[PDB]
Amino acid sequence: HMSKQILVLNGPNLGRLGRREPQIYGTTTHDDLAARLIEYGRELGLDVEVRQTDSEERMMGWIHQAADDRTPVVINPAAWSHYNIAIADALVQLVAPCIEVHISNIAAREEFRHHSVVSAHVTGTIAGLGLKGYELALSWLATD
């Protein structure tokens, strides 16, 4: 209906959610996470789409389309956060709000993980609050 469209974009290695360090990332799969956010979104009157790719080209294409559509974006750039200026430069084209989400507490990990090249270029950032961080981002966008 008049339901606000939101795009959740997950970058490299996040297709493997559930196989990795469960105390940090959970045993929830990417398919389980997508279903959860779509359902959570529906309860908030949001029309949520969830996409994951290991391809920077495909991710840049999704960001370019969100720019053109003025679709709010929740992005987890995963390891690209530490270095990928091509992804940061795509995000600068967005018009609607953009929230960066890290599942793990990147500040508590190795020094090479502390800095995000994305954070300066988005609305805000949520880190270390697990998969629930994505739900917080949707909650914020529901009342924006």
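A residue's number is simply how far along the shown sequence it sits, counting from 1.
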Seminar exercise, completed: Higher of the two mean Cα B-factors (116-124, 11-19; per PDB record) comes from 11-19
For this session: Check the entry's C-alpha temperature factors for 56-64 and 39-47, then say which stretch has the higher mean.
Result: 39-47
Exercise. According to the PDB entry, is the CA B factor of residue 29 in the bottom, middle or top third of its chain, that is, lowest, middle or highest?
Worked result: highest
Exercise. Thinking about Cα B factors across the chain, which third does residue 95 belong to?
Worked result: highest
